[PDB]
Structures are given as structure tokens and as C-alpha cells.
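**Student:** Next up is a structure, given as C-alpha cells.
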Amino acid sequence: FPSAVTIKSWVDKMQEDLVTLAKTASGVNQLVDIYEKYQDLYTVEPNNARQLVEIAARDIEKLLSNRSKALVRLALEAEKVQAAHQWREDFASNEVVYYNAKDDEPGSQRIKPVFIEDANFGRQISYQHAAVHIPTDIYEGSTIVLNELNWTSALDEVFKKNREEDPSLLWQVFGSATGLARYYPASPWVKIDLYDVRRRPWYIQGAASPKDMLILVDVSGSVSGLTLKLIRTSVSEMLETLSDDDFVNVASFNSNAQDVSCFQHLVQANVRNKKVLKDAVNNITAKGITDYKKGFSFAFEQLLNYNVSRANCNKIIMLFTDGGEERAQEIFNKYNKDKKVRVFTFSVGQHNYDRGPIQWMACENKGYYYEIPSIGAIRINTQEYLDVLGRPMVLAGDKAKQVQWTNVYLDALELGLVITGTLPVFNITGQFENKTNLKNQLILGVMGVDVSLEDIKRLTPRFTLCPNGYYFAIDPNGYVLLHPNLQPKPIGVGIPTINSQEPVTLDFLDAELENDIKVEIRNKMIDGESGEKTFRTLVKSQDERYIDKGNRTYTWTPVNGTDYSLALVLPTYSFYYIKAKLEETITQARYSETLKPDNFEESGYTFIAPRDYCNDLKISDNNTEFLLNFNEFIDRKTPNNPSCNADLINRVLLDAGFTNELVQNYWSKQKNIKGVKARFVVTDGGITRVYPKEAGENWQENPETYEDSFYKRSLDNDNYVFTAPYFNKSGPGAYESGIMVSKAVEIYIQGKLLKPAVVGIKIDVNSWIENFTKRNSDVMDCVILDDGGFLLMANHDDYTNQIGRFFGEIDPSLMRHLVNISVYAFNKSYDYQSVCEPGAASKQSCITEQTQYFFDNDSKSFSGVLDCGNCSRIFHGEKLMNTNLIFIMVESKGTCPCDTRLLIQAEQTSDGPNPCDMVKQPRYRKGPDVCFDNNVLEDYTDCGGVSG
Ligand SMILES: *[C@@H]1O[C@H](CO)[C@@H](O[C@@H]2O[C@H](CO)[C@@H](O[C@@H]3O[C@H](CO)[C@@H](O[C@@H]4O[C@H](CO)[C@@H](O)[C@H](O)[C@H]4NC(C)=O)[C@H](O)[C@H]3NC(C)=O)[C@H](O)[C@H]2NC(C)=O)[C@H](O)[C@H]1NC(C)=O
Ligand SMILES: *[C@@H]1O[C@H](CO)[C@@H](O[C@@H]2O[C@H](CO)[C@@H](O[C@@H]3O[C@H](CO)[C@@H](O)[C@H](O)[C@H]3NC(C)=O)[C@H](O)[C@H]2NC(C)=O)[C@H](O)[C@H]1NC(C)=O
Ligand SMILES: *[C@@H]1O[C@H](CO)[C@@H](O[C@@H]2O[C@H](CO)[C@@H](O)[C@H](O)[C@H]2NC(C)=O)[C@H](O)[C@H]1NC(C)=O
Ligand SMILES: *[C@@H]1O[C@H](CO)[C@@H](O[C@@H]2O[C@H](CO)[C@@H](O)[C@H](O)[C@H]2NC(C)=O)[C@H](O)[C@H]1NC(C)=O
Ligand SMILES: *[C@@H]1O[C@H](CO)[C@@H](O[C@@H]2O[C@H](CO)[C@@H](O)[C@H](O)[C@H]2NC(C)=O)[C@H](O)[C@H]1NC(C)=O
Ligand SMILES: *[C@@H]1O[C@H](CO)[C@@H](O)[C@H](O)[C@H]1NC(C)=O
Ligand SMILES: *[C@@H]1O[C@H](CO)[C@@H](O)[C@H](O)[C@H]1NC(C)=O
Ligand SMILES: [Ca+2]
């Protein structure tokens, strides 16, 4: 084993012979003086974080207020038209004309629409009438459905008025209590259609206030057999009617009441918690003696906890039994004498047991009685309890008409991620006579207007900030309304297995890495406050392989009208941005001909960012086509165009002149320098200018510079960044593309720091080997690694065939101890929006744990002894200053015949975190401040068994 001083000298030579090449084959020191000698050709401007947030928060308020005015119009013109409707039972002499959504009949005429293709939506729509969706088990032609199709025809005239005033209006829909949903504009419906508007999350949230459901399941002996699998399915179907604002728990009594799961109290009933209850309900067995007194005592005790987070709203009990002879009148007189807890009773299966006491508990307590005799009756009977819960909401009157916004979910008619406004509609016939109170206590339906997340993303411009800056907004629950890591895919709740329905509720702390400062920041944003905090955090690179530390400034404000909170994460070196000032048609032309595809040979393979430069230029994935279309839009139509942006194109053109000069003045004076397979440059404007045109095929990065992993990684650091390649033919060319060596530029115009562009090279493995050698031995192995534990080159020429691979996957013993000496920290996290191949017992969503490694401290030299067991291995790790590389010198693996289990830095399918302990200390949240129950004027005489 050599000495440290000569290795330090051996390290010192791959620090001045490697940085200088990257400093001279890329022109990093030359681009900054290019930006400096045309300083007047642009101007730096403030990027005020406080100002930008409120301006963007004031625009989101107006967009959400545009659609609130559309909801009140549609609810005020649905109460009026319904009252004037005359209930008529003969539909043959007077047919109903409407368009059925799911179609290619006396008593009702059908329309054939024109279905012109239109933007915004991703389908064919007709702006002349509203389409109607009727569930497949709901018969059109009935006296109930047909009567609903007349008074819901004046809605079409209000649908078009709303669209005409606001051309950007998305789906407007009326979900009727009958079952049919009438939506505008008309568009044909998307195997077996199981859609029902009365089960949708936006319908349920407006049909009643949040609840405190507690399900009681009879698991005694008499329910064994078919009536048990009907109970198990029924409970699994009412859990689907609970949102994140409701609280639920499932219990069971078989002469001794117990819980079915690991909860023991009411839980938040989100996606993860409901999966536990569904899995626990499927595992119950029927055996024992029925005892209603012990079961109901347990239920009333669990609804009287008040130690944990709850809804402080509708307290209801569902009893899933078959029949019996016990009334349990002693329990009901002991726990709810004031009848502040509703009891809904269900009779499941075909049997000959007494249903007398079951219907009595539903009439004394202010509930309802339902019967489920087969599988087909499960769906309807498990969603009708919202008609009883809406009785106090109707009697409130105009105080209950508040617009509510649901969580982010996927539209049934495929449109991406949307949120929906909501406003209930009341039955007010005979209101001017003041004596109906018969069916007027129920709602007619729920209004609905959809707002896509793309509309909100347009109110928060991003290209003015750095690639590391972004906006995000959260619910009063922690769920992000908009976030860069929120993807249009459902979240996973475990490992998939084989033998639009759920909202995309991703918490703020699960979107990015979790700190302790970012928990109090989240709590201060759910509380509707406004502040600012600058701190050092750990940010994860675009590719989940690295972790970087930097400075960030979280500036947040509350949105006035709604209950959201918008925040802007503006890092340092981004508080000021470059605004392109240029007023000329010939000097801007000199910039324009640079991007000409036919000129590429002397300018390099030039790319372009598919941004929205103009509302007439259509973006495309093929950047060759987009550059072709872009370059026939600047010349054919003058830059003084009132049609589209001014800064976006003036910056791209200004970028071209600054970028192309480096190609012509420095990158063209030399063509072959040692080994450099590519000479690239990426800038905020949106252009990349890889100089060898042939090498442009190796470039497999996003044309949009704001989503390039190496750009963001090299932005935070003050030193060079080596991007490790991939492995297992993920990309084309291991030694045929090179090794990226990024380096960001820094300028000072008026004592102000700016980082407009990044430069670098793509040094080759072959040439780098020769300088490293001064070899394929069997005694020692010398290998360099980057910040993240990836291999870039070795000595045995057997590891070099696996470049760009985790060191732990090829040498586990050294990697694991290398963490133990505290040079490679790691932070693990869960990716809820991920897909993985199914297991066994068609890719499905799942949770995969991700690991990323980074430097612990600023120590430069490392040395120690590896004791693998009856062995003594020694090493000398040294860090390459001014880069992110580390050099280690260790003996060969063959010296010690030890082989521990391999370490993997990759996403691994998992199920954590465990929700059993996540409910003991749940995250902070704020529930709605409105609660509608216990109205004295309620009827209470409408059970399901008081009549029959
Ligand atoms: C909003 O509320 C209003 C009232 O608050 C409601 O209008 C009422 O609609 C019902 C129909 O559902 C009318 O009932 C009339 O009287 C009886 C009661 O159903 C019907 O006679 C038979 O009833 C049986 C039910 O036991 C039924 O199966 C049968 O089909 C009926 N017909 C027969 C046997 O021929 C009448 O047919 C029915 N209609 C008449 C007399 O025209 C109430 O009279 C209506 N009340 C008022 C004040 O107009 C309205 O439906 C609610 N809105 C919605 C969307 O439901
Ligand atoms: C559900 O039931 C009927 C199905 O169309 C509709 O009732 C008919 O609507 C017609 C269209 O307005 C009426 O014709 C005109 O009605 C207006 C209003 O009174 C007047 O201009 C004339 O009466 C008539 N115009 C003529 C004859 O040139 C029918 O009179 C009317 N019939 C009945 C029996 O009501 C309902 O409107 C429909 N519901 C909704 C909400 O549209
Ligand atoms: C949300 O509303 C509050 C108050 O309703 C706004 O607070 C204002 O803050 C400015 C800052 O100096 C004050 O000058 C105003 O007087 C405040 N308003 C009132 C009514 O006192 C807050 O700005 C609003 N949010 C946004 C994003 O505009
Ligand atoms: C929490 O729940 C418990 C029981 O459900 C409530 O009762 C208390 O239980 C603790 C521990 O057994 C003791 O303090 C007393 O035996 C009970 N009474 C009081 C007044 O503490 C308890 O009140 C609930 N709340 C809190 C804050 O503990
Ligand atoms: C990310 O990794 C860091 C470093 O490995 C970890 O934070 C350290 O946690 C230990 C354990 O309490 C503390 O003693 C150190 O002081 C922490 N380092 C700091 C605060 O710099 C942790 O695994 C992750 N840090 C997070 C999530 O903030
Ligand atoms: C919708 O909101 C935007 C943003 O404020 C603006 O065009 C206007 O306020 C609304 N449009 C209307 C009312 O047509
Ligand atoms: C890819 O699969 C595994 C993943 O590490 C690797 O060991 C194997 O050699 C690779 N196979 C091919 C054909 O590239
Ligand atoms: Ca029994």
C-alpha cells in the first residue's frame, strides 16, 4: 500500500489536468465575458418573491371566482325551472328530445350532433346542446327519468351563456338525484360502464357535510355463508363514499365487540387508511353469539373519544346485520337520549329472521333502514344515506349554498388532473305557499364546474425564474393542488398482486424531501398565514439519483376567496432575472438566422424549448419539427405581433446571438481537443447548441432546459458536475457518447449574481483512461466515484464495462463501510406516484422507496482499514476539489474471499410507511368550519321500515 502524499499528488494531477480541459474545451470563462461585452443588449430586473406570490394568488382567486359566478347562475336557474315544472305521467303524446351520451324509442326523441373537433378538450364536442348520461341499470323512459329530462332542459340555455361569457370554461355538469348527469358541451361517453354520478367525489362532498361514520358489522354465526360475502362487499362499497374530510372506523361484534384493524379509533379515511380497513374487512370470519348491547356500547364509546382528530360533525352508525329479536333500547337511552347520533341499519342477504328490531333502531334514532338482498342491491343502497344527511343542509337555506372545491382527481371524460366546484340544488316547489316540507327536504342534485390544473399553471408563469424555482399550492389538508412532482397518475397504496375513482391526494411532505423547517412551513400555510423563510435544504435532482444542498426562500400567501395557500420557492442567485431589451429588425434577424436548421454545420446541432411562444405555434415532441415551425413564424409574421408574447421570443433570439458567438469565436477555432465527444451549451432561453452536428444524436436530454437534470444540478454547485451515464441500454452510447461534465456560468453586471447558461463537455472513456493509467492488475483496484456513489471508470477493465453503475452493486463490502466512515450520507423517501411490474399470488401503481447518496462533510482525505472477517483491507479515499468526484485506492476483491449482500441504489417496491403508527401522530390539518346537522325542523318520520 502506497503513502498518502503520493496519492494526494496522484489525485492532484486528476484535478488540474481534468478541470483545465473542462475549463478550456467548453469556454466557461469565455461565455461570461460574452455576456459582459453586450451588457447593454439586455437588462437585469428584480424577481420580487413577495410581489409575485400575491399577484399569482390574486389571479387564482379571480379564476376560482369566475367559476363561482357560473355555479350560482346554474343553481338559481335550476331551482326556478324545477318549481314551474308540472309532474305529468304521459310521455307518448309529448316526447322528450335530448342527446344520450352513450349511443351510436317512443316517448323520447334523440338528437344527432355535429361533433366538431375543438381544443382545450381532447375529444369531439358540440357547443349546441348538453349531453345526458344515464346509468346502465337506470331505465330511461321511466316516469321519474323522463320527468327529469324536461325541467333539465332550460339548463342548456344557462350552460351556453356561461360558456359565451367565459370561453375557457370546461365541463359544466348537473348531477341529478335520479341518477342522470347532464353536462355541457355534449361529448360522447367514454367494457361495462359502471359510472354513477351519485357516487362521484364531487357529488358526495356537496350532498352532505363531513361525517364521522362508524361501521358495525355482525360477524356472529347466523351471518356465515352468502350473507357474509354480501356484508364484506357492502362495507367495502360504503368506504368508497368517504373522502379525506370524513373519519371512519370498522368494528365487529360476535358476543364481544372488537375492532377489525390496527386502528382502535377514528382515522382520517384517506386512501391509505381506507385500504387497511378494506383489507381487514375481507378477513373476518362468522362465528359466535349475536349480542347487540355489547356491539352498540362499543360504537357509542368510539364516537365519544375527543382525544384524537375528528370531524366534529355528523355522527352516524351503520349496523350490518341480518336480523334478530333484540331492540337494545337500554343502550340507546343511555348513550343518546338527545338523539345526537344517527343510526342506519342494513339487513343483508335472504333469510327468515325478524327485521322488526332492526327497523326500530333506525326510526327512534334519526336514521334510515335499508335492505340488501343480493350483490346488485349493494351499490344503490350504500349511497342513499346521503339523502338523510342532507336534510339539515336543506333547512339551512341560503346559508348552505357555499362553493366547495374537491381534491385533485382524474376526469371521467379524460382531460387530465382537474378540480371541480360544487353547489347543491334544492327542491323549492310550493315555497311561495310555505307548506310542502314533504320531498323538499331532499336535494335535486349537485352543480359542478371543472377547473383543470393546466389553467392554474398558466396563472403562475415560470420562465422568468430559474430552473430551480417553482410555485406550489396546498389544501387545508397538506395535499398539493399544484406541484412539479404531482403527476397525472393515481397514487399507490401497496404492492400490486394478481391471483378516476380515487382522488390524486399527494401530501406536500410526500411531494419533496421532508425537513423539520418544511413541516412548520406547511403548518403555517394550512393556518392561512403569510411569511417568508430562507434556509438550507436538501433538494433532489430531476433524476432520482442525486441529492443537492442549496439555499431556498419559501414565500407564501393565502388565497383570499378560497382555502388554498400559494407559495413560491425562489432560490438564491435567482432573485434577479435577465429581461431581453432589443428593438431592431436586422440585429434581431442576425439572431434569427442562427437557428436555421440548414446552417447547423458551422453552428452546431441547435435545439429549441417547446414553450408557448405564441398561441398559434403548436408544440410537438419532435424538436426537429418544432424548430422547423418556429423558424417559419418569426419571418412570415412580424415581431411586432400583438398576437403573442414579447419577452419569450426576444429572450430566445437574444440567447442565439450570445450562444452562437461562442460556437463561432471559440468552439470553431478548434475541432479536436484530446478527447471531447461533444461541446454543449444550455441556457435559460431554451436553446442547446451541441457543436459537433454528428454528436447531436447522442444528446438524449429534454429540449426544455427547465427540465434538464444536469442543468439544475450544476446550478446549485459552484464547481463542476460530472453526470454519470445510465446502465443496461437505458440510453444510446456508454463510451459512444461520453461523460457529461457540467459547469454553470456566473456574471456580475451591477454587483449582481446571475447564472444564465450552463456549459460543459462530454469527455470520452477511452481518452480518460490513458491519463488515469499514468493498470488491469489483480492486486489493487483504483476507481473514481462521483457524488452519489456511481462508477465512472476503474482499473480492472471489468468494472469499466459497467460504468455509470452504483458502487454498491459491484463492490458491496467497501460501499457499506464507506457509509459507516461518514463520507456518503443517504436519505430514503417514498414515491407514491410510481408504476411497477405486477407480482404473483399489466403494470399497476405502487410505492417504491428511493435512495440517494451525497457527501457528508467537507473532509478532503479519507483512509482506513476494511475488516471483512479474517481479512485486513486498507484504502485511501481522496476527494477531487473543484469537482464532485472522489478517488479511492483499495486492494483487489480477490485478496479476501468475502462477499456480503449487495447494496442497491434504485427504486424498490415497498408498502411503507406503516399506517398503523401514522395515525397515532398524524400530520396537522384544518377541517371545514361549517357543519350542518341536528336541525329541529327535520322530519324524522321517513325510515325505510316505518311504512313497510
Ligand atoms: C320536488 O318536490 C315536489 C313536491 O314537493 C315533487 O312533486 C311531487 O311529485 C309526486 C310524484 O313523485 C306527486 O305525486 C302525485 O301523487 C301520487 C303520489 O305518488 C301519484 O300517484 C301514484 O303514486 C304511486 C306512489 O305510491 C306511484 O307509484 C304511481 O306511479 C302514482 N301514479 C298512479 C298510480 O297513477 C301521482 O301520480 C303523483 N302525480 C300527480 C298526481 O300528478 C306529487 O303530487 C308532487 N307534488 C307537487 C306539489 O307537485 C317533485 O317530484 C320533486 N322533484 C323531484 C325532482 O323529485
Ligand atoms: C316538458 O313538457 C313539454 C315538452 O316539450 C313542454 O311543454 C310544451 O312546451 C312548448 C314549448 O314552449 C309549448 O309551446 C309553446 O308554449 C309557449 C308557452 O306557453 C307558448 O308560446 C305557446 O303555448 C306554445 N307555442 C305555440 C303553440 O306556438 C307547449 O305549449 C308546452 N305544452 C305543455 C302541455 O306544457 C315543457 O316546456 C317541457 N319542459 C321544459 C322545462 O321545457
Ligand atoms: C387577502 O385579504 C387580506 C385582507 O382582507 C389582504 O390583506 C391586505 O394586506 C395589505 C398589505 O399591506 C394591506 O395594505 C391591506 O390593508 C390588507 N387588506 C385589508 C382589507 O386590510 C391580503 O392582501 C389579501 N391577499 C392577497 C393575495 O391580496
Ligand atoms: C383521553 O382518553 C381518556 C380515556 O379515553 C380520558 O380519560 C382519562 O384517562 C387518563 C388515563 O387513563 C386519565 O387521565 C384518567 O383516567 C381519565 N380522565 C382524565 C380527566 O384524564 C381522557 O380524559 C382523554 N383526554 C386526555 C387529555 O387524556
Ligand atoms: C438527510 O441526511 C442527513 C445526513 O445523513 C440526516 O440528518 C442528520 O440526522 C442526524 C440524526 O439525528 C443528525 O444527528 C444530524 O445532525 C443530521 N444532519 C443535519 C441536520 O445536517 C437525515 O437522514 C436527513 N436530513 C433531513 C431529512 O433533514
Ligand atoms: C375570468 O378571470 C380572468 C382573470 O381575472 C379575467 O379574464 C376575468 O376576470 C374573468 N373573465 C370573464 C369574467 O369573462
Ligand atoms: C440488464 O439486466 C441486469 C440488471 O442489472 C443486468 O445484470 C444484465 O446483465 C442486463 N442484461 C442485458 C441483456 O443488458
Ligand atoms: Ca345471529
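Please read every residue number as a count from 1 along the shown chain.
Structure determined by electron microscopy, 2.9 Å.
The backbone N, Cα and C atoms fix where each Cβ goes, and this holds for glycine too.
Taken from Swiss-Prot, the feature domain 'VWFA' applies to 212-389, supported by sequence analysis. The N-linked glycosylation site annotation in Swiss-Prot covers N66, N150, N283, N434, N551, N622, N728, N771, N820, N827, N857, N870 (among others). What Swiss-Prot lists as phosphoserine is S93, and the listing cites similarity to another entry. Annotation source Swiss-Prot lists motif 'MIDAS-like motif' at 218-222.
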**Student:** For each of the recorded positions (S93, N434, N728, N820, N827), count the other CB atoms lying within 10 A of its CB, then report the residue with the highest count.
**Tutor:** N827
**Student:** Under 8 Å Cβ-Cβ from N622 (N-linked glycosylation site), six or more apart in the same chain: what's there?
**Tutor:** none
**Student:** Which Cβ among the glycosylation sites (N66, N771, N857) has the fewest C-beta neighbours inside 10 Å?
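**Tutor:** Across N66, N771, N857, these glycosylation sites, the one with fewest Cβ atoms within 10 Å is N857.
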**Student:** Among the glycosylation sites listed here (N283, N551), identify the one with the smallest other-Cβ count within 10 Å.
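**Tutor:** Counting other Cβ atoms within 10 Å of each of the glycosylation sites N283, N551, the minimum falls on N283.
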**Student:** What three-state class does DSSP give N827 (N-linked glycosylation site)?
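**Tutor:** DSSP assigns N827 (N-linked glycosylation site) to strand.
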**Student:** Can you figure out which of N66, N283, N771, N827, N870 (the glycosylation sites) comes closest in space to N857 (N-linked glycosylation site), comparing Cα atoms?
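**Tutor:** Result for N857 (N-linked glycosylation site): the nearest of the glycosylation sites is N827.
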**Student:** Using a 10 angstroms cut-off on Cβ to Cβ distances, just flag whichever of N150, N870 is the loneliest among these glycosylation sites.
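**Tutor:** Output over glycosylation sites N150, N870: least Cβ neighbours within 10 Å is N870.
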**Student:** Rounded to a whole angstrom, what is the C-alpha distance between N827 (N-linked glycosylation site) and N150 (N-linked glycosylation site)?
**Tutor:** 61
**Student:** Which recorded positions among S93, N622, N728, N820, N857 have CB under 6 Å of ligand 7?
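**Tutor:** The recorded positions passing the 6 Å Cβ test are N728.
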**Student:** Sorry to bug you, but what's the C-alpha spacing from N728 (N-linked glycosylation site) to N434 (N-linked glycosylation site), rounded to the closest Å?
**Tutor:** 76
**Student:** Taking Cα atoms as reference points, rank the recorded positions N66, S93, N551, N820 by distance from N283 (N-linked glycosylation site) and give the first.
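**Tutor:** Nearest listed residue in space: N820.
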